[PDB]
């Protein structure tokens, strides 16, 4: 069967197929995904009047990220259940082409608009010292865009052309390190001037950001983390990838937003 430049999920579903657990779990973890985002949207809106007017822009941007996140992640959950149908004879879910091939593209475009907002909102809670607001913002937005775009191109060849997949992934990584660098500066300059309590939170925010954001490139390689024809190049790798994405999404957006809200309250008078 000819699939072309398709995600590895389609190859597993078209050959081996998915077990009740593998299929159901992937459905539940994606469903929990968009559910958390709508729950977060309601939280950030109902807690806007809990911080000084100057910090409220942080809750608004968190809400903006939640909305778009809910829609894209919701569409993704529907794309999964639509691309795989149960086979009575063997008792496994196989690729149903009539429902379109499954693609992690809806999530990559969710990042495109999110990344910029997530990096931008912290600049409304913390105060830079030697770095210019506009300068930091422009760096985040540029590197952020190039990181997502390059990665979006590579994920299409994660099976059809392993070379292109890694080359683009590498280029993407370049911009990722630059973002980590700028964010590190923002955290340091942010700690200067605030109470020890605020510093404690910024320290936790940096750890959360570092770990949660690293999970994404991990999910990108998931199918090859145990080498070609490895343990992860199966339905196990599919479950792992979608699970990691969900954990990363909740941590990088919802939890990240809650911590910023807590810091905003700490600095509020």
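So that the term is clear: the rigid core is the largest set of C-alpha atoms that superpose within 1.5 Å between two forms. Positions refer to the first chain, counted from 1.
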query: Greater root mean square CA deviation, 98-106 compared with 130-138 in 6 other deposited structures of this protein, core aligned; finding: 98-106
query: Between 109-117 and 173-181, larger RMS Cα displacement in 6 other deposited structures of this protein after core fit; finding: 109-117
query: 172-180 or 195-203, whichever carries the higher mean Cα B-factor; finding: 195-203
query: 186-194 set against 148-156, stretch whose average Cα temperature factor tops the other in the entry; finding: 186-194
query: Residue of maximum C-alpha B factor among 222, 45, 239, 64, per deposited coordinates; finding: 222
query: Selection by C-alpha B-factor (highest) of 57, 232, 215, 37; finding: 232
query: Residue 105 - Cα temperature factor, lowest/middle/highest third of chain; finding: middle
query: Relative C-alpha B-factor of residue 163, binned into the chain's lowest, middle or highest third; finding: highest
query: Ranked against its chain, the third holding the CA B-factor of residue 27; finding: middle
query: Third of the chain's Cα B-factor distribution that residue 138 belongs to, per the entry; finding: middle
query: Relative C-alpha B-factor of residue 81, binned into the chain's lowest, middle or highest third; finding: middle
